[PDB]
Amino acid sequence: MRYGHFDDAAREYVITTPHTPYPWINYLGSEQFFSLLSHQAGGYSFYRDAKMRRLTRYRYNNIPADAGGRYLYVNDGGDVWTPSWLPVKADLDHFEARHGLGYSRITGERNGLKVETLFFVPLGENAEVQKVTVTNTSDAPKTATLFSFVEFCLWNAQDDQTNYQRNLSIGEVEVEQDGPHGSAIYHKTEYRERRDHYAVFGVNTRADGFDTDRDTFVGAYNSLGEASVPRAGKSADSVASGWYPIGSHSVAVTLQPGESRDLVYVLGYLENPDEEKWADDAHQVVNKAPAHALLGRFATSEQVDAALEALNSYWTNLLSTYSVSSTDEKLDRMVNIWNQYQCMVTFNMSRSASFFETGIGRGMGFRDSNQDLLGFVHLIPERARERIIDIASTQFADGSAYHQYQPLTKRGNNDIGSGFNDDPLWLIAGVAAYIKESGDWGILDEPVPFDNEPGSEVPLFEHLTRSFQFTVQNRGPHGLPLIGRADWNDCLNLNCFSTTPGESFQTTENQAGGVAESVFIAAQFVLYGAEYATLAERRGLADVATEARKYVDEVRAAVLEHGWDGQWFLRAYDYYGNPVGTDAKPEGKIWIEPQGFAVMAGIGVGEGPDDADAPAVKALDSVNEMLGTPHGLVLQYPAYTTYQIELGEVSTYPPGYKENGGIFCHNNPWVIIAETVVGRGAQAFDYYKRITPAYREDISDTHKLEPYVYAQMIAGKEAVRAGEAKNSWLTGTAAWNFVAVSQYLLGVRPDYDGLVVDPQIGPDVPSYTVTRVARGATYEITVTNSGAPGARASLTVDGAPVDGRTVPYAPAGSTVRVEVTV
């Protein structure tokens, strides 16, 4: 079954019923202000930081899911309905929701009134704009009253949901029925005290009335679907004191058959300078000047359209860097539109706020945001540059880092734990990807503090050496990196041994001592140690480079001497020195992570894809056979059926979910990439398809979640719910699959000195063209692809053959035509 369809020329997903398996959201904004907007207008907005400047309230795990958003009640001769369907659930004659790039449109129609709302966040604005179009589609005149409705949150979302003993007495508003462009309500809780910010909610007309108190608008004993005020047909003009502030205006309209009326609502975030906080000497009345300017910038429909068109241009421009034209429309929509758009969202959000992440505990993750860079550097490299500086500034002098930082302050914290030993190497991954993309070697000279200490600055490159050295100087008895709290796998906690319930494995104190080692970090080290060595060489650091290559060689050797189980790579050595991820144990025999990542590091790669003796092939065959499902590859097999105290969080999940046998999609691209490395493009593309939204759309009732974005977790073969996703949108799966398909499958990837063109996608895509802008020049890459196992490309460039697969960067402004034969 399906609940909608892609509309490629519009760059939209079209949702054709409110009755989806799960609320399906879009993200509005790409800069500093963000909205979670469901296909039923549910969700909330925040500025910079979902925990600390949340404008509007949303309830996770509500009954039913997603009753809470931007609503417009229509009262037409006493019948009340919402075009978003929820919360009133009155029958609609027509319903449709279109999720586009930075905007969505939701349309509902009932009994001769059609209400279309366009939602979006304009460029350069901290605001969410709604353009509502009301049309009489009947053959007789209509008169209705439209009540807009938003529920404010008291800024600090955690305090909002836990600290009523204080916060029910602090809610404050001002109401401006007769502003310069229409009516406005101001939410200004704590502006009396330390906050220099307030929210506005306004309409571009003089409203008949307003409401700012939730209880008065909705009524005692009532849900949002039964709200009293729209039922009464007029606003109660409530002025909140404490309790639950809201924004609501009423507008009565009269429309002849065929007539429409537009209305423009704005939810704005405003700041004032401290000296300019107040309109009056007594410090009682907020200074509204920037709110009046914001409302003036969206007083008309034309102004809305001009901003929407600018958003469209801005996206056409972002999507002009990498595109593909082939015989597979599903592939193409992923590569051209959806995966790139998701990559922008993960770049902005990290893992903080979705319909599963609550915008509370999670800030910007050190590993998470470093890997997000891999699928972002080609979109806006100047913002990737800034992000690298921000991440590296949260690293400590010893090369270890804060596991994550607060988006508002850019300062690291331990709220989700510390001492994760794979973290430091991700910084080198990010920087290597960025320099390959841009050629901005100068970033290595950027002075960058440790833990934000003014005066602690060292060149960025020097931070990378701290990362590299951290791993060098923390190896265990087999030459493999000490694991610490956990490696990439947050739930592989070998230094934990917790018997205390309800204390987080992520934050709980760890045992000093033991000998726990990670085969994954070892592989990570070989992969990114190699890049580090390259940057040292280019920095003129000959001895540092030689020394670095010797270490990489040691660790690579140790993976082969001590990290091999026979038919696959080992996962780890536990606190006691016993092997993890071996055929000698009944459960957790084979783990996916070191298979993909060791093979990507080139460890155990032999003659070619038919070399059944090469460890890499053996490892990937055991991944196919033991980990493969129709939905993707599960993390380990078998999943743990009992609590294993030496292994930490992992075995606390029921089998088939999350890190215990779930398909953790983020690591699937590693196996995809590995498969292209050994020359099995067909199987790599197969793996790509199994987890990719466009190919899974036709099973929307099994996947449940958004059919146009990747999810973190798809339940595994050992789950009752096998194939059902959780944790859509915010996942490194997006950036990693974009790396996989754009760079390894399709084969077009920047190197330091040229653009590598090395297709390995197999026979299902026999011809295609990639348009890639790199370093100011456009490469038109025409591929004729046999898909024959281990067949690798030859190139001709502008009519002349070249050797190997690297095309040196042509000068800015040129167009290079590459002709590729596989």
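Numbering starts at 1 and runs along the sequence shown.
Check your understanding: Which is higher in the entry, the mean Cα B factor of 598 to 606 or that of 737 to 745?
Key -> The deposited B-factors put 598 to 606 ahead on the C-alpha mean.
Exercise for review: Please work out which of 100 to 108 and 439 to 447 has the higher mean CA B-factor as recorded in the PDB entry.
Suggested key: Higher of the two, by average CA B-factor, is 439 to 447.
Review point. Per the PDB entry, which option out of 343, 129, 584, 725 has the greatest Cα B factor?
Key: In this record, 584 carries the highest C-alpha B-factor of the candidates.
Exercise for review: Have a look at 792, 39, 53, 57 and flag the one whose Cα has the highest B-factor in the entry.
Suggested key: Out of 792, 39, 53, 57, the record gives the largest C-alpha B-factor to 792.
Review point. Lowest, middle or highest third: where is residue 70 by Cα B-factor in its chain?
Key: Answer is middle: the recorded C-alpha B-factor places it there.
Review point. Going by what the PDB entry lists, where does residue 770 fall on CA B-factor within its chain: lowest, middle or highest third?
Key: It falls in the bottom third of the chain.
Point to revise | Third assignment of residue 764 from its chain's C-alpha B-factors | key: Highest third, going by the recorded CA B-factors of the chain.
**Study point:** Third of chain Cα B-factors occupied by residue 11
**Key:** As the PDB entry reports it, the C-alpha B-factor of residue 11 lands in the lowest third of its chain.
Point to revise | residue 755 CA temperature factor, ranked by third within the chain | key: It belongs to the highest third of the chain when residues are ordered by C-alpha B-factor.
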